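Below is one structure, written out as structure tokens, with a few remarks after it.
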Amino acid sequence: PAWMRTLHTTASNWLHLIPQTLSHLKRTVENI
Amino acid sequence: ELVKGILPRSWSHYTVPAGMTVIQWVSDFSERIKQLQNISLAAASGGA
């Protein structure tokens with residue numbers, strides 16, 4: 001239906017705006 | 001929830017103003033992740 005197509009575009013645009021990967025901080029003996 | 005415009009309750013893991021739409025939250029969430037990415041980049045290269 002129509003709601004599937006408009007939500008597919010909205011979700012696809014959101015996935016592009018939202019960043020993909022966020023790297024974790026590396027733990028070090030003085031870092032902790 | 002997405003088609004009706006209300007933010008899903010499984011995504012609200014931090015305080016937000018009452019009655020924020022999902023579009024505003026997505027834009028706000030993207031900015032927060034960008035700040036976290038900058039913090040992670042600085043921490044990785046530069047130490048604590």
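In the structure tokens, each chain is lettered A, B, ... as it comes, each chain's residues begin at 1, and ligands are numbered from 1 in order of appearance.
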_Test item: chain B residues at most 10 Å from chain A, counting only C-alpha atoms, as a ChimeraX atom specification_ = /B:2-3,23,26-34,36-44,47-48
Given the selection you just returned, output its residues as a file containing N, CA and C atoms, formatted as a compact mmCIF listing (two decimals), in the first residue's frame.
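Contents of selection-v7.txt, as written:
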# COMPACT_ATOMS: atom_id res chain seq x y z
N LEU B 2 5.93 4.60 13.88
CA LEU B 2 6.66 5.39 12.89
C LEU B 2 5.71 6.05 11.89
N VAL B 3 4.71 5.32 11.41
CA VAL B 3 3.78 5.90 10.44
C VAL B 3 2.92 6.98 11.09
N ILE B 23 10.72 12.71 14.13
CA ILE B 23 11.64 13.42 13.24
C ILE B 23 12.61 14.28 14.03
N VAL B 26 15.11 12.00 15.81
CA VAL B 26 16.11 11.44 14.90
C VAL B 26 17.20 12.47 14.61
N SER B 27 16.80 13.72 14.34
CA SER B 27 17.78 14.78 14.12
C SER B 27 18.62 15.02 15.37
N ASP B 28 17.98 15.05 16.54
CA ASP B 28 18.72 15.21 17.78
C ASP B 28 19.64 14.03 18.05
N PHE B 29 19.15 12.81 17.78
CA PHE B 29 19.97 11.62 17.99
C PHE B 29 21.20 11.62 17.09
N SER B 30 21.04 12.07 15.84
CA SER B 30 22.18 12.12 14.93
C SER B 30 23.25 13.08 15.43
N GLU B 31 22.84 14.23 15.96
CA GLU B 31 23.81 15.19 16.50
C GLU B 31 24.53 14.61 17.71
N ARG B 32 23.81 13.89 18.57
CA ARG B 32 24.44 13.29 19.75
C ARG B 32 25.49 12.26 19.35
N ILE B 33 25.20 11.45 18.34
CA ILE B 33 26.15 10.44 17.90
C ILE B 33 27.38 11.10 17.28
N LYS B 34 27.18 12.20 16.55
CA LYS B 34 28.31 12.93 15.98
C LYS B 34 29.23 13.46 17.07
N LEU B 36 29.54 12.07 20.04
CA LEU B 36 30.20 10.88 20.56
C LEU B 36 31.31 10.40 19.63
N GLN B 37 31.09 10.50 18.32
CA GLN B 37 32.13 10.14 17.36
C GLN B 37 33.34 11.05 17.50
N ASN B 38 33.11 12.35 17.69
CA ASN B 38 34.22 13.28 17.88
C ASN B 38 34.97 12.98 19.18
N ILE B 39 34.23 12.65 20.24
CA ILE B 39 34.87 12.29 21.51
C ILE B 39 35.68 11.01 21.35
N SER B 40 35.12 10.01 20.65
CA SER B 40 35.84 8.77 20.43
C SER B 40 37.09 8.99 19.58
N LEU B 41 36.99 9.85 18.57
CA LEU B 41 38.15 10.15 17.74
C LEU B 41 39.25 10.83 18.55
N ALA B 42 38.88 11.79 19.40
CA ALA B 42 39.87 12.48 20.21
C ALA B 42 40.49 11.55 21.24
N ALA B 43 39.68 10.70 21.88
CA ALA B 43 40.21 9.78 22.88
C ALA B 43 41.15 8.76 22.26
N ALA B 44 40.80 8.24 21.08
CA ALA B 44 41.64 7.23 20.44
C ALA B 44 43.00 7.80 20.05
N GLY B 47 44.96 10.22 23.68
CA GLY B 47 44.89 9.74 25.04
C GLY B 47 43.78 10.40 25.83
N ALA B 48 43.85 10.20 27.15
CA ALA B 48 42.86 10.76 28.06
C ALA B 48 43.08 12.24 28.34
*Computed interatomic separation between CA of residue 7 in chain B and CA of residue 21 in chain B (Å)*: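 These two atoms are separated by 6.0 Å.
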_Could you list, as a PyMOL selection string, every residue within 12 Å of residue 11 in chain B, counting only C-alpha atoms and ignoring same-chain residues fewer than 2 positions away?_
chain B and resi 1-2+6-9+13-16+22+25-26+29
Okay, now the selection with N, CA and C atoms, as a PDB file, in the first residue's frame?
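The resulting result_24.pdb:
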ATOM      1  N   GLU B   1       4.005   3.065  15.228  1.00  0.00           N
ATOM      2  CA  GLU B   1       4.461   4.323  15.810  1.00  0.00           C
ATOM      3  C   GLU B   1       5.139   5.205  14.768  1.00  0.00           C
ATOM      4  N   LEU B   2       5.932   4.603  13.878  1.00  0.00           N
ATOM      5  CA  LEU B   2       6.659   5.391  12.886  1.00  0.00           C
ATOM      6  C   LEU B   2       5.715   6.054  11.890  1.00  0.00           C
ATOM      7  N   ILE B   6       4.712   9.086  16.280  1.00  0.00           N
ATOM      8  CA  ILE B   6       5.132   9.082  17.677  1.00  0.00           C
ATOM      9  C   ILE B   6       6.439   8.313  17.813  1.00  0.00           C
ATOM     10  N   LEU B   7       7.320   8.811  18.671  1.00  0.00           N
ATOM     11  CA  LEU B   7       8.599   8.153  18.908  1.00  0.00           C
ATOM     12  C   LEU B   7       8.377   6.781  19.536  1.00  0.00           C
ATOM     13  N   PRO B   8       9.012   5.727  19.026  1.00  0.00           N
ATOM     14  CA  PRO B   8       8.939   4.430  19.707  1.00  0.00           C
ATOM     15  C   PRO B   8       9.537   4.512  21.103  1.00  0.00           C
ATOM     16  N   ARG B   9       8.917   3.793  22.038  1.00  0.00           N
ATOM     17  CA  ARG B   9       9.376   3.795  23.421  1.00  0.00           C
ATOM     18  C   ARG B   9      10.636   2.968  23.632  1.00  0.00           C
ATOM     19  N   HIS B  13      16.010   6.282  25.358  1.00  0.00           N
ATOM     20  CA  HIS B  13      16.880   5.865  26.451  1.00  0.00           C
ATOM     21  C   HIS B  13      17.514   7.046  27.173  1.00  0.00           C
ATOM     22  N   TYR B  14      17.077   8.268  26.877  1.00  0.00           N
ATOM     23  CA  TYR B  14      17.551   9.453  27.576  1.00  0.00           C
ATOM     24  C   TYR B  14      16.409  10.456  27.653  1.00  0.00           C
ATOM     25  N   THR B  15      16.556  11.425  28.553  1.00  0.00           N
ATOM     26  CA  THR B  15      15.502  12.405  28.782  1.00  0.00           C
ATOM     27  C   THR B  15      15.266  13.249  27.535  1.00  0.00           C
ATOM     28  N   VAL B  16      14.001  13.391  27.150  1.00  0.00           N
ATOM     29  CA  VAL B  16      13.622  14.244  26.025  1.00  0.00           C
ATOM     30  C   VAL B  16      12.419  15.085  26.438  1.00  0.00           C
ATOM     31  N   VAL B  22       9.062  11.979  16.236  1.00  0.00           N
ATOM     32  CA  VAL B  22      10.174  11.097  15.900  1.00  0.00           C
ATOM     33  C   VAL B  22      11.187  11.812  15.009  1.00  0.00           C
ATOM     34  N   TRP B  25      13.475  13.845  17.176  1.00  0.00           N
ATOM     35  CA  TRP B  25      14.352  12.955  17.930  1.00  0.00           C
ATOM     36  C   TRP B  25      15.451  12.378  17.048  1.00  0.00           C
ATOM     37  N   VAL B  26      15.113  12.003  15.812  1.00  0.00           N
ATOM     38  CA  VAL B  26      16.113  11.444  14.904  1.00  0.00           C
ATOM     39  C   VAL B  26      17.197  12.472  14.609  1.00  0.00           C
ATOM     40  N   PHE B  29      19.155  12.810  17.777  1.00  0.00           N
ATOM     41  CA  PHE B  29      19.972  11.621  17.994  1.00  0.00           C
ATOM     42  C   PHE B  29      21.200  11.622  17.092  1.00  0.00           C
TER      43      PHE B  29
END
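CA of residue 12 in chain A is found 17.0 Å from CA of residue 4 in chain B.
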